[PDB]
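Notes follow the structure.
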4 protein chains.
Amino acid sequence: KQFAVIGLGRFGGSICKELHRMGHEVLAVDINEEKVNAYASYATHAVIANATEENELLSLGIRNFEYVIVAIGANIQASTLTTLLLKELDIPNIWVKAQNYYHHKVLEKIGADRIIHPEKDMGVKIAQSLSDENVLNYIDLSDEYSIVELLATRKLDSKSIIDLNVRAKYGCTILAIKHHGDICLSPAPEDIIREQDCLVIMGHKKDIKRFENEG
Amino acid sequence: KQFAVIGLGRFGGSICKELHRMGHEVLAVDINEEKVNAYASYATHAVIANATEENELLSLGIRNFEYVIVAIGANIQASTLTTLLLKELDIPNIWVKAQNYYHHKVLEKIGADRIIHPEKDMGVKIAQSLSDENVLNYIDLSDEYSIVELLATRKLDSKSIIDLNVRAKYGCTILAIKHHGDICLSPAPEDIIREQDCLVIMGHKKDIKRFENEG
Amino acid sequence: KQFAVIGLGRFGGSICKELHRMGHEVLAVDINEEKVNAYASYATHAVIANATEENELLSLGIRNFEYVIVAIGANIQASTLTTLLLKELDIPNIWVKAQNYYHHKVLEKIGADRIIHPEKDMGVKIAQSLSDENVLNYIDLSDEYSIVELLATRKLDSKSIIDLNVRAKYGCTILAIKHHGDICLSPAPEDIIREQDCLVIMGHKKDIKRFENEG
Amino acid sequence: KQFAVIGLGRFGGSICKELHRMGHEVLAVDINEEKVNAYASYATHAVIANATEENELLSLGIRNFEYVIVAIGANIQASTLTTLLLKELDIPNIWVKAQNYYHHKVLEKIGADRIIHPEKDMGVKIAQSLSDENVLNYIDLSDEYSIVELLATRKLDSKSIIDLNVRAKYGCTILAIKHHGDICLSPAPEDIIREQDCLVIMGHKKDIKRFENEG
Ligand SMILES: Nc1ncnc2c1ncn2[C@@H]1O[C@H](COP(=O)(O)OP(=O)(O)OP(=O)(O)O)[C@@H](O)[C@H]1O
Ligand SMILES: Nc1ncnc2c1ncn2[C@@H]1O[C@H](COP(=O)(O)OP(=O)(O)OP(=O)(O)O)[C@@H](O)[C@H]1O
Ligand SMILES: Nc1ncnc2c1ncn2[C@@H]1O[C@H](COP(=O)(O)OP(=O)(O)OP(=O)(O)O)[C@@H](O)[C@H]1O
Ligand SMILES: Nc1ncnc2c1ncn2[C@@H]1O[C@H](COP(=O)(O)OP(=O)(O)OP(=O)(O)O)[C@@H](O)[C@H]1O
Ligand code: NA
Ligand code: NA
């Protein structure tokens with residue numbers, strides 16, 4: 001797999017550094033000279049180029065990349081023109097970072113395979129942690145079911161798993177308990193719940209909220 | 001709970017809209033007139049103010065907010081001077097959006113309770129999906145254990161749960177299977193695995209990668 | 001018919017002045033204060049507004065206009081987001097002025113009913129007059145047939161229509177002859193051809209060029 | 001014929017590409033480095049130069065060109081100083097693209113052989129098509145007579161030429177009928193008029209409008 005990342009910002013530069021860490025061939029393209037010099041050591045190849053130009057895009061050998069990530073999310077004109085060129089060049093996978101709702105609609109029309117909202121998705125996840133401080137990290141399996149990594153309270157100290165009627169009353173299944181950097185995978189009844197550490201739970205979205213308030 | 005969000009960007013405006021959707025009192029503060037007019041309907045109170053000024057900050061009644069989120073991640077001077085004022089005003093919870101590694105170190109010194117990297121965290125999660133297309137969304141329970149929502153392949157079609165020796169060989173536990181918008185919570189042996197839909201699994205980080213390659 | 005012209009440039013301001021001359025209700029929208037003040041007397045209604053904003057676009061009553069002309073041809077971001085909003089608002093006819101080939105392709109994707117190249121079409125017509133000074137104005141009926149308003153040469157002076165074997169040899173039909181501000185519609189054989197005045201001809205594109213060189 | 005085009009914009013670059021297509025020697029002059037690199041392949045010779053400088057203008061051998069086209073229509077100072085130099089250098093034909101009415105008056109004073117308004121002429125032609133949707137393209141032979149390429153309506157279907165009394169009542173002559181990419185030159189009575197395709201007509205300006213309303 002050969003990856004090309006166009007636009008070395010906070011979001012684009014993180015993809016370059018992570019893919020280079022995993023041992024992947026990454027082409028880092030940016031119009032800024034200082035950005036390319038900073039990410040020259042964090043990419044297989046770093047080029048100072050304008051992606052809105054077809055002649056400069058063909059000089060990179062961009063047709064040899066299966067995945068191209070257009071991480072420009074503040075210039076709609078630069079973002080939409082780039083993916084119009086890549087779609088014309090028959091790139092199998094174009095992932096674009098969008099800015100707002102209207103930018104999302106343009107990229108969907110001109111054939112962007114996946115459209116990403118990094119700050120919008122994180123802001124929704126952060127606002128869930130602000131509203132309820134008991135949660136630490138959650139993953140939405142669907143619109144009604146989710147896996148929530150809860151934080152243990154003071155009332156849950158010295159409590160066994162069989163004491164908590166999550167399976168019967170709340171209809172939720174405890175998945176894993178982490179104690180002081182040691183994680184217990186699929187605990188069996190019964191285990192004593194320690195102080196304020198991680199507690200992974202799975203259930204309906206409304207059912208987990210009932211467990212937090214009651215227990 | 002009263003929340004104040006300072007800086008209505010892509011990240012800050014998403015927290016305002018999500019907290020207002022949940023029914024929370026949100027104060028939206030921005031130095032830009034156009035940003036405040038756009039988010040006036042998505043916040044309980046929207047004020048055009050400079051947060052680096054103590055006199056303007058005290059005019060907002062900012063001492064009445066338990067949570068203040070400083071969502072300025074491109075102006076380090078504006079971000080660090082705001083949280084210095086809020087720390088001086090004894091705000092119990094200050095959550096700051098950082099820009100790079102050096103901005104993270106300054107905010108840790110001047111007393112930021114939680115420091116957030118929205119684009120850096122999403123770029124790491126996106127790069128995991130680029131490297132392995134079988135994964136869809138994952139949550140890191142620890143540095144060695146994670147819950148990965150896999151995507152079913154063609155070889156897993158018409159296969160039962162008991163046929164897959166994930167519990168014995170791979171040491172991984174299947175958590176939930178979603179079929180065409182219908183999610184089965186904690187499936188029992190045995191269930192037929194359908195076509196390319198969601199498949200939630202839990203196990204060691206290295207053990208899940210073995211399951212993807214072999215099966 | 002109610003027309004809205006967005007962008008009062010050299011091209012947009014000409015549509016406003018011509019439609020207002022014919023007695024049509026024209027809404028002139030521009031983001032520049034000086035442009036609106038200049039065209040306030042040449043439009044039924046002139047508003048200073050940003051067309052990329054949906055709230056400002058709905059304040060104009062833009063849903064009441066059958067034809068909206070987006071005459072912005074130097075800002076691709078402003079041009080493509082305006083027509084995305086108008087397409088979302090179900091405007092029956094959206095005519096957009098494009099900048100280059102790539103801007104033409106974006107507007108075709110997001111549903112522009114007619115795309116106009118004013119300078120590109122005039123430059124092609126002007127370059128035809130530079131290459132052959134005998135022509136004055138031409139209209140392309142098809143890719144092989146055209147009506148060319150020729151200019152009479154010195155060798156065509158004191159020549160009758162029957163003397164010119166355009167119908168038999170060249171396969172071209174003389175349409176109209178203009179003499180000193182007096183235009184003769186469909187002349188009959190034979191009429192004396194005067195000095196260097198207009199001479200409208202119709203025929204194949206290659207056949208007219210043979211007539212110019214030989215006669 | 002040797003042509004020089006000064007200013008490679010939307011209008012100037014179209015003249016360069018069209019004249020180069022016809023097989024003419026074109027000198028493309030622009031002050032922008034990126035414009036010259038783009039049109040280097042579409043011109044015989046492309047030079048990065050400032051046309052307001054006499055020393056740079058004489059380095060191009062501009063005295064060897066019969067036609068010079070000054071396609072600068074947004075900088076009046078650059079446009080008027082260029083044609084003052086070319087008039088001083090005794091260029092036989094100087095064609096200048098103007099911006100407004102006052103720019104047209106200056107160029108007429110300092111000796112511009114032909115002054116062109118590309119957006120103003122297209123805006124007038126476009127506004128004629130907006131006012132009456134039956135017309136497609138027209139050419140003004142004079143102030144009272146024109147050739148209009150009409151669009152066939154539903155009431156003109158299955159109608160013969162002799163049925164339409166354009167020659168007797170309206171005083172208009174049908175010139176050519178185009179059917180599905182096939183163009184009939186000077187049709188003879190009688191031909192059946194098909195569905196909504198091109199229909200070229202010639203007559204007085206007021207007489208054609210009567211034909212559209214009645215038929
Ligand atoms: N036409 C272009 N071609 C290549 N790179 C470009 C182009 N235009 C902008 N860039 C670069 O893309 C990077 C990211 O774009 P920008 O800063 O506008 O977006 P952003 O949404 O604010 O970024 P992020 O949130 O990832 O920090 C910048 O380093 C910028 O220099
Ligand atoms: N001193 C300040 N007080 C209040 N708001 C401010 C101040 N300085 C900047 N802002 C606002 O904060 C918002 C977000 O800041 P900025 O755009 O610099 O950061 P960012 O990291 O690029 O944002 P995001 O990624 O969330 O789009 C902007 O709307 C900006 O106007
Ligand atoms: N978002 C916008 N909303 C409304 N008007 C706008 C907007 N952006 C630009 N305009 C106006 O549109 C007009 C024409 O746009 P612009 O000058 O960028 O294009 P152009 O192709 O150079 O124009 P022209 O060739 O017709 O002179 C200008 O008067 C400009 O102020
Ligand atoms: N002094 C100069 N000498 C040569 N070229 C020039 C000079 N000044 C401007 N130009 C170039 O002339 C070109 C056209 O000029 P400009 O863009 O100002 O006019 P315009 O009327 O907006 O153009 P168009 O409608 O053809 O796009 C531009 O590429 C510009 O760089
Ligand atoms: Na950002
Ligand atoms: Na123009």
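The way I read the labels, and the way they are meant: chains A, B, ... in the order of the structure tokens, residue 1 as the first residue of every chain, and ligand 1 as the first ligand shown, with later ones counted on from there.
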
At most 7 Å from ligand 6 (only C-alpha atoms and all ligand atoms): residue list as a VMD selection string: (chain C and resid 10 119) or (chain D and resid 10 119)

Next, write the just-selected residues to a file, as a short mmCIF file (atom, residue, chain, number, x, y, z; two decimals), in the first residue's frame, keeping N, CA, C and O atoms as the atom set.
data_model
loop_
_atom_site.label_atom_id
_atom_site.label_comp_id
_atom_site.auth_asym_id
_atom_site.auth_seq_id
_atom_site.Cartn_x
_atom_site.Cartn_y
_atom_site.Cartn_z
N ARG C 10 -18.22 43.13 -14.64
CA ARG C 10 -18.38 43.55 -16.02
C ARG C 10 -19.43 42.70 -16.73
O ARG C 10 -20.20 43.22 -17.55
N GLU C 119 -15.44 35.43 -21.61
CA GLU C 119 -14.18 35.82 -22.23
C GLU C 119 -13.65 34.73 -23.16
O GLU C 119 -13.01 35.05 -24.17
N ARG D 10 -8.42 35.26 -18.96
CA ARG D 10 -9.46 34.44 -19.57
C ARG D 10 -9.70 34.84 -21.02
O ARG D 10 -9.95 33.98 -21.87
N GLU D 119 -17.07 40.99 -21.84
CA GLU D 119 -18.14 40.67 -20.90
C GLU D 119 -19.38 41.52 -21.17
O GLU D 119 -20.50 41.05 -20.96
#

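Excluding segment 55-66 of chain D itself and same-chain residues fewer than 5 positions from it, the residues having an atom within 6 Å of it are residues 2, 3 and 92 of chain D, counting only C-alpha atoms.
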
Find the spatial neighbours of residue 1 of chain B, counting only C-alpha atoms, within a cut-off of 10 Å - ignore same-chain residues fewer than 3 positions away - and output them as a PyMOL selection string. (chain A and resi 130-132) or (chain B and resi 24-26+64-67)

Which of C:34, C:207, C:214, C:144 sits closest to chain D [using only C-alpha atoms]: C:144

Could you go through chain D and tell me which residues DSSP, when run on the backbone, assigns to alpha helix (DSSP H), listing them as a compact mmCIF listing (two decimals) with N, CA, C and O atoms, in the first residue's frame?
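The resulting part.txt:
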# COMPACT_ATOMS: atom_id res chain seq x y z
N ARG D 10 -8.42 35.26 -18.96
CA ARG D 10 -9.46 34.44 -19.57
C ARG D 10 -9.70 34.84 -21.02
O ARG D 10 -9.95 33.98 -21.87
N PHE D 11 -9.63 36.14 -21.31
CA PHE D 11 -9.83 36.60 -22.68
C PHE D 11 -8.56 36.49 -23.51
O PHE D 11 -8.61 36.04 -24.66
N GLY D 12 -7.43 36.90 -22.95
CA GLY D 12 -6.18 36.84 -23.70
C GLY D 12 -5.70 35.43 -23.95
O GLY D 12 -5.18 35.13 -25.02
N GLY D 13 -5.86 34.54 -22.97
CA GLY D 13 -5.44 33.17 -23.15
C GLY D 13 -6.28 32.41 -24.15
O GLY D 13 -5.82 31.44 -24.75
N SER D 14 -7.53 32.84 -24.34
CA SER D 14 -8.38 32.21 -25.34
C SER D 14 -7.96 32.58 -26.76
O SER D 14 -8.10 31.77 -27.68
N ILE D 15 -7.47 33.81 -26.95
CA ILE D 15 -6.98 34.22 -28.26
C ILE D 15 -5.68 33.49 -28.59
O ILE D 15 -5.44 33.12 -29.75
N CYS D 16 -4.82 33.29 -27.59
CA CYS D 16 -3.58 32.55 -27.81
C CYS D 16 -3.85 31.11 -28.21
O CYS D 16 -3.23 30.59 -29.14
N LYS D 17 -4.78 30.45 -27.52
CA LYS D 17 -5.06 29.05 -27.81
C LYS D 17 -5.77 28.88 -29.14
O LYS D 17 -5.54 27.89 -29.84
N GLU D 18 -6.63 29.82 -29.51
CA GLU D 18 -7.36 29.69 -30.77
C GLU D 18 -6.46 30.00 -31.96
O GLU D 18 -6.53 29.31 -32.99
N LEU D 19 -5.62 31.03 -31.86
CA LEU D 19 -4.72 31.36 -32.96
C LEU D 19 -3.64 30.30 -33.14
O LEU D 19 -3.22 30.01 -34.26
N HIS D 20 -3.17 29.72 -32.03
CA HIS D 20 -2.20 28.63 -32.12
C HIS D 20 -2.83 27.38 -32.71
O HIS D 20 -2.14 26.60 -33.38
N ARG D 21 -4.12 27.17 -32.47
CA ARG D 21 -4.82 26.04 -33.08
C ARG D 21 -4.93 26.20 -34.59
O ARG D 21 -4.79 25.22 -35.33
N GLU D 33 4.46 34.91 -13.79
CA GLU D 33 5.27 33.76 -14.15
C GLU D 33 4.42 32.51 -14.35
O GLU D 33 4.68 31.72 -15.26
N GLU D 34 3.40 32.33 -13.51
CA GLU D 34 2.56 31.13 -13.61
C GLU D 34 1.71 31.14 -14.88
O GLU D 34 1.47 30.08 -15.46
N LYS D 35 1.25 32.31 -15.31
CA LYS D 35 0.47 32.40 -16.54
C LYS D 35 1.30 32.03 -17.76
O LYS D 35 0.81 31.35 -18.67
N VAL D 36 2.56 32.46 -17.79
CA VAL D 36 3.42 32.19 -18.94
C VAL D 36 3.77 30.71 -19.01
O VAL D 36 3.81 30.12 -20.10
N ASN D 37 4.01 30.08 -17.86
CA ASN D 37 4.32 28.65 -17.84
C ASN D 37 3.13 27.82 -18.31
O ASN D 37 3.31 26.77 -18.94
N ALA D 38 1.91 28.27 -18.00
CA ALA D 38 0.73 27.53 -18.43
C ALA D 38 0.51 27.66 -19.93
O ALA D 38 0.08 26.70 -20.58
N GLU D 54 9.24 50.33 -22.03
CA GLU D 54 9.63 50.38 -23.43
C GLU D 54 10.85 49.50 -23.70
O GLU D 54 10.95 48.88 -24.77
N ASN D 55 11.78 49.43 -22.74
CA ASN D 55 12.97 48.61 -22.92
C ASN D 55 12.63 47.13 -22.99
O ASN D 55 13.19 46.39 -23.80
N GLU D 56 11.70 46.67 -22.14
CA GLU D 56 11.27 45.28 -22.21
C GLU D 56 10.44 45.01 -23.45
O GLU D 56 10.47 43.90 -23.99
N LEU D 57 9.69 46.01 -23.92
CA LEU D 57 8.87 45.84 -25.11
C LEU D 57 9.73 45.73 -26.36
O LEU D 57 9.40 44.97 -27.28
N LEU D 58 10.83 46.48 -26.42
CA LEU D 58 11.73 46.40 -27.56
C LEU D 58 12.58 45.13 -27.55
O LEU D 58 13.09 44.74 -28.60
N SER D 59 12.73 44.49 -26.39
CA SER D 59 13.47 43.24 -26.33
C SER D 59 12.69 42.07 -26.91
O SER D 59 13.28 41.03 -27.21
N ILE D 76 -6.35 49.80 -15.75
CA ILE D 76 -6.44 50.85 -16.77
C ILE D 76 -5.08 51.48 -17.00
O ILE D 76 -4.73 51.81 -18.14
N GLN D 77 -4.29 51.65 -15.94
CA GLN D 77 -2.97 52.24 -16.09
C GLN D 77 -2.05 51.35 -16.92
O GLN D 77 -1.30 51.85 -17.76
N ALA D 78 -2.11 50.04 -16.70
CA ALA D 78 -1.30 49.13 -17.50
C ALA D 78 -1.82 49.04 -18.93
O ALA D 78 -1.04 48.87 -19.87
N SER D 79 -3.13 49.14 -19.11
CA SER D 79 -3.71 49.02 -20.44
C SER D 79 -3.45 50.27 -21.28
O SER D 79 -3.12 50.16 -22.47
N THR D 80 -3.58 51.46 -20.68
CA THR D 80 -3.40 52.68 -21.45
C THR D 80 -1.93 52.99 -21.71
O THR D 80 -1.59 53.55 -22.75
N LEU D 81 -1.03 52.63 -20.84
CA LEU D 81 0.37 52.85 -21.05
C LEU D 81 0.97 51.88 -21.99
O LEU D 81 1.91 52.19 -22.64
N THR D 82 0.42 50.71 -22.11
CA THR D 82 0.90 49.77 -23.11
C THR D 82 0.58 50.24 -24.52
O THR D 82 1.45 50.26 -25.40
N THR D 83 -0.67 50.64 -24.76
CA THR D 83 -1.07 51.05 -26.10
C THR D 83 -0.49 52.41 -26.48
O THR D 83 -0.42 52.72 -27.67
N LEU D 84 -0.11 53.22 -25.50
CA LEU D 84 0.64 54.43 -25.81
C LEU D 84 2.02 54.09 -26.35
O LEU D 84 2.52 54.75 -27.27
N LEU D 85 2.67 53.08 -25.77
CA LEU D 85 3.97 52.64 -26.27
C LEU D 85 3.86 52.02 -27.65
O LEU D 85 4.69 52.29 -28.52
N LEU D 86 2.84 51.18 -27.87
CA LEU D 86 2.69 50.51 -29.15
C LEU D 86 2.34 51.50 -30.25
O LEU D 86 2.77 51.34 -31.40
N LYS D 87 1.54 52.52 -29.93
CA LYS D 87 1.24 53.57 -30.90
C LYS D 87 2.49 54.37 -31.23
O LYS D 87 2.68 54.80 -32.38
N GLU D 88 3.36 54.59 -30.24
CA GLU D 88 4.63 55.27 -30.48
C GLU D 88 5.57 54.42 -31.33
O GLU D 88 6.40 54.96 -32.07
N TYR D 101 -16.83 52.45 -19.61
CA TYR D 101 -17.04 53.51 -20.59
C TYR D 101 -15.89 54.51 -20.59
O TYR D 101 -15.49 55.00 -21.65
N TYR D 102 -15.36 54.83 -19.41
CA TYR D 102 -14.28 55.80 -19.32
C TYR D 102 -12.97 55.24 -19.85
O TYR D 102 -12.18 55.98 -20.44
N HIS D 103 -12.71 53.95 -19.64
CA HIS D 103 -11.54 53.31 -20.23
C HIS D 103 -11.65 53.27 -21.75
O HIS D 103 -10.64 53.40 -22.44
N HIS D 104 -12.86 53.10 -22.28
CA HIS D 104 -13.06 53.13 -23.72
C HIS D 104 -12.72 54.49 -24.30
O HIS D 104 -12.18 54.59 -25.41
N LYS D 105 -13.04 55.56 -23.57
CA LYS D 105 -12.79 56.91 -24.07
C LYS D 105 -11.31 57.26 -24.08
O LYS D 105 -10.86 57.99 -24.96
N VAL D 106 -10.55 56.77 -23.10
CA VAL D 106 -9.12 57.04 -23.07
C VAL D 106 -8.42 56.34 -24.23
O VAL D 106 -7.58 56.93 -24.92
N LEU D 107 -8.76 55.07 -24.47
CA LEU D 107 -8.10 54.30 -25.53
C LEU D 107 -8.44 54.85 -26.91
O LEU D 107 -7.61 54.76 -27.82
N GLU D 108 -9.64 55.39 -27.08
CA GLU D 108 -9.98 56.05 -28.33
C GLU D 108 -9.15 57.31 -28.55
O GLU D 108 -8.82 57.63 -29.70
N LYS D 109 -8.82 58.02 -27.48
CA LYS D 109 -8.02 59.24 -27.62
C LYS D 109 -6.57 58.93 -27.97
O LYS D 109 -5.96 59.64 -28.78
N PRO D 118 -15.54 42.31 -23.95
CA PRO D 118 -15.97 40.90 -24.02
C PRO D 118 -17.13 40.57 -23.10
O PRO D 118 -18.09 39.92 -23.54
N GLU D 119 -17.07 40.99 -21.84
CA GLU D 119 -18.14 40.67 -20.90
C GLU D 119 -19.38 41.52 -21.17
O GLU D 119 -20.50 41.05 -20.96
N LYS D 120 -19.20 42.76 -21.61
CA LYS D 120 -20.35 43.62 -21.90
C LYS D 120 -21.12 43.13 -23.11
O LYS D 120 -22.35 43.19 -23.14
N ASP D 121 -20.42 42.65 -24.14
CA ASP D 121 -21.10 42.15 -25.33
C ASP D 121 -21.79 40.82 -25.06
O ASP D 121 -22.87 40.56 -25.58
N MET D 122 -21.17 39.96 -24.25
CA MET D 122 -21.79 38.68 -23.92
C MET D 122 -22.97 38.87 -22.98
O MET D 122 -23.97 38.15 -23.09
N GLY D 123 -22.88 39.83 -22.06
CA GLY D 123 -23.98 40.07 -21.14
C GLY D 123 -25.22 40.57 -21.84
O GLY D 123 -26.34 40.25 -21.44
N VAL D 124 -25.04 41.36 -22.90
CA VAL D 124 -26.18 41.81 -23.69
C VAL D 124 -26.78 40.64 -24.47
O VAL D 124 -28.01 40.52 -24.57
N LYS D 125 -25.94 39.77 -25.02
CA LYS D 125 -26.43 38.61 -25.75
C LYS D 125 -27.09 37.60 -24.82
O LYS D 125 -28.08 36.97 -25.19
N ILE D 126 -26.54 37.41 -23.62
CA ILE D 126 -27.14 36.50 -22.66
C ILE D 126 -28.49 37.02 -22.18
O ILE D 126 -29.46 36.27 -22.07
N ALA D 127 -28.58 38.33 -21.92
CA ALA D 127 -29.83 38.91 -21.44
C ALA D 127 -30.93 38.84 -22.48
O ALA D 127 -32.12 38.86 -22.12
N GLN D 128 -30.58 38.76 -23.76
CA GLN D 128 -31.59 38.52 -24.79
C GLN D 128 -32.14 37.11 -24.70
O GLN D 128 -33.32 36.88 -24.97
N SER D 129 -31.29 36.15 -24.33
CA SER D 129 -31.75 34.77 -24.19
C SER D 129 -32.56 34.57 -22.92
O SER D 129 -33.45 33.72 -22.89
N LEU D 130 -32.26 35.33 -21.86
CA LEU D 130 -33.06 35.26 -20.65
C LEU D 130 -34.45 35.85 -20.86
O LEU D 130 -35.44 35.29 -20.38
N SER D 131 -34.53 36.98 -21.55
CA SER D 131 -35.81 37.65 -21.75
C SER D 131 -36.75 36.82 -22.60
O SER D 131 -37.95 36.73 -22.31
N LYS D 205 -36.38 43.27 -36.68
CA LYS D 205 -36.28 42.96 -35.26
C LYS D 205 -37.65 42.90 -34.60
O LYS D 205 -37.91 42.02 -33.77
N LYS D 206 -38.54 43.83 -34.95
CA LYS D 206 -39.90 43.80 -34.41
C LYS D 206 -40.75 42.70 -35.04
O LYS D 206 -41.68 42.21 -34.40
N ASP D 207 -40.44 42.32 -36.28
CA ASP D 207 -41.26 41.32 -36.97
C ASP D 207 -41.02 39.91 -36.44
O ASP D 207 -41.94 39.09 -36.43
N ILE D 208 -39.79 39.61 -36.02
CA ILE D 208 -39.50 38.30 -35.46
C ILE D 208 -40.20 38.12 -34.12
O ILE D 208 -40.70 37.04 -33.80
N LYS D 209 -40.26 39.19 -33.31
CA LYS D 209 -40.95 39.12 -32.03
C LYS D 209 -42.44 38.86 -32.20
O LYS D 209 -43.05 38.20 -31.35
N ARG D 210 -43.04 39.37 -33.28
CA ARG D 210 -44.44 39.06 -33.56
C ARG D 210 -44.62 37.60 -33.93
O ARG D 210 -45.63 36.98 -33.58
N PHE D 211 -43.65 37.02 -34.64
CA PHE D 211 -43.73 35.61 -35.01
C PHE D 211 -43.64 34.70 -33.79
O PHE D 211 -44.31 33.67 -33.73
N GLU D 212 -42.80 35.07 -32.81
CA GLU D 212 -42.65 34.26 -31.61
C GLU D 212 -43.93 34.25 -30.78
O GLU D 212 -44.34 33.20 -30.27
N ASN D 213 -44.57 35.41 -30.64
CA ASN D 213 -45.77 35.49 -29.81
C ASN D 213 -46.96 34.82 -30.47
O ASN D 213 -47.70 34.06 -29.83
N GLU D 214 -47.17 35.07 -31.77
CA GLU D 214 -48.31 34.49 -32.47
C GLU D 214 -48.08 33.01 -32.76
O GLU D 214 -49.00 32.19 -32.64

Quick one: residues within 7 Å of segment 170-181 of chain C, only C-alpha atoms, excluding same-chain residues fewer than 6 positions away - as a PyMOL selection string? chain C and resi 187+197-203+207+211

Output N, CA, C and O atoms for every residue in the selection just made, as a PDB file, in the first residue's frame.
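This went into part23.pdb:
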ATOM      1  N   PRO C 187     -31.378  39.644 -51.338  1.00  0.00           N
ATOM      2  CA  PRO C 187     -31.295  40.291 -52.653  1.00  0.00           C
ATOM      3  C   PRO C 187     -31.573  39.313 -53.784  1.00  0.00           C
ATOM      4  O   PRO C 187     -31.290  38.116 -53.688  1.00  0.00           O
ATOM      5  N   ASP C 197     -18.340  47.231 -47.717  1.00  0.00           N
ATOM      6  CA  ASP C 197     -19.459  47.208 -46.788  1.00  0.00           C
ATOM      7  C   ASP C 197     -19.780  45.762 -46.441  1.00  0.00           C
ATOM      8  O   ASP C 197     -19.106  44.840 -46.909  1.00  0.00           O
ATOM      9  N   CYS C 198     -20.815  45.571 -45.626  1.00  0.00           N
ATOM     10  CA  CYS C 198     -21.165  44.241 -45.148  1.00  0.00           C
ATOM     11  C   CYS C 198     -21.733  43.381 -46.273  1.00  0.00           C
ATOM     12  O   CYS C 198     -22.370  43.881 -47.204  1.00  0.00           O
ATOM     13  N   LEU C 199     -21.491  42.075 -46.178  1.00  0.00           N
ATOM     14  CA  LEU C 199     -21.960  41.089 -47.151  1.00  0.00           C
ATOM     15  C   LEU C 199     -22.185  39.778 -46.405  1.00  0.00           C
ATOM     16  O   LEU C 199     -21.231  39.064 -46.086  1.00  0.00           O
ATOM     17  N   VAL C 200     -23.450  39.461 -46.126  1.00  0.00           N
ATOM     18  CA  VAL C 200     -23.771  38.259 -45.369  1.00  0.00           C
ATOM     19  C   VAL C 200     -23.839  37.068 -46.312  1.00  0.00           C
ATOM     20  O   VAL C 200     -24.484  37.125 -47.365  1.00  0.00           O
ATOM     21  N   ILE C 201     -23.163  35.981 -45.938  1.00  0.00           N
ATOM     22  CA  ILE C 201     -23.120  34.769 -46.742  1.00  0.00           C
ATOM     23  C   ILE C 201     -23.394  33.575 -45.833  1.00  0.00           C
ATOM     24  O   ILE C 201     -23.219  33.637 -44.615  1.00  0.00           O
ATOM     25  N   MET C 202     -23.857  32.486 -46.444  1.00  0.00           N
ATOM     26  CA  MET C 202     -24.155  31.251 -45.733  1.00  0.00           C
ATOM     27  C   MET C 202     -23.640  30.073 -46.543  1.00  0.00           C
ATOM     28  O   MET C 202     -23.864  30.009 -47.755  1.00  0.00           O
ATOM     29  N   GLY C 203     -22.959  29.148 -45.879  1.00  0.00           N
ATOM     30  CA  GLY C 203     -22.470  27.970 -46.562  1.00  0.00           C
ATOM     31  C   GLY C 203     -21.664  27.103 -45.623  1.00  0.00           C
ATOM     32  O   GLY C 203     -21.637  27.327 -44.410  1.00  0.00           O
ATOM     33  N   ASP C 207     -16.212  25.915 -47.418  1.00  0.00           N
ATOM     34  CA  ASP C 207     -16.579  26.507 -48.700  1.00  0.00           C
ATOM     35  C   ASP C 207     -16.503  28.028 -48.672  1.00  0.00           C
ATOM     36  O   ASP C 207     -16.196  28.649 -49.696  1.00  0.00           O
ATOM     37  N   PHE C 211     -14.212  30.835 -51.000  1.00  0.00           N
ATOM     38  CA  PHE C 211     -14.741  32.035 -51.638  1.00  0.00           C
ATOM     39  C   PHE C 211     -13.908  33.264 -51.299  1.00  0.00           C
ATOM     40  O   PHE C 211     -13.720  34.144 -52.148  1.00  0.00           O
TER      41      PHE C 211
END

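Of note, atom CA of residue 23 of chain A and atom CA of residue 114 of chain A are spaced 23.2 Å apart.
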
So that I can check the secondary structure, give me every residue of segment 68-139 of chain D assigned strand (DSSP E or B) by backbone DSSP, as an NGL selection string. :D and (68-70 or 93-97 or 114-116 or 135-139)

Could you produce a table of the residues of chain C lying within 7 Å of ligand 3, with the nearest pair of atoms per residue and their separation in Å rounded to one decimal, using only C-alpha atoms and all ligand atoms, ordered by chain and increasing residue number, as CSV?
residue,atom,partner,partner_atom_place_in_ligand_line,distance
C:6,CA,ligand 3,4 (C),5.7
C:7,CA,ligand 3,12 (O),3.3
C:8,CA,ligand 3,29 (O),4.5
C:9,CA,ligand 3,26 (O),3.8
C:10,CA,ligand 3,27 (O),3.8
C:11,CA,ligand 3,26 (O),3.7
C:12,CA,ligand 3,26 (O),5.4
C:29,CA,ligand 3,4 (C),6.0
C:30,CA,ligand 3,5 (N),3.7
C:31,CA,ligand 3,5 (N),4.2
C:32,CA,ligand 3,31 (O),4.8
C:35,CA,ligand 3,29 (O),6.0
C:49,CA,ligand 3,4 (C),6.2
C:50,CA,ligand 3,3 (N),4.1
C:51,CA,ligand 3,3 (N),4.2
C:52,CA,ligand 3,1 (N),5.3
C:71,CA,ligand 3,14 (C),6.0
C:72,CA,ligand 3,15 (O),4.1
C:73,CA,ligand 3,21 (O),3.3
C:74,CA,ligand 3,18 (O),4.1
C:75,CA,ligand 3,18 (O),5.2
C:78,CA,ligand 3,1 (N),4.9
C:99,CA,ligand 3,21 (O),6.7
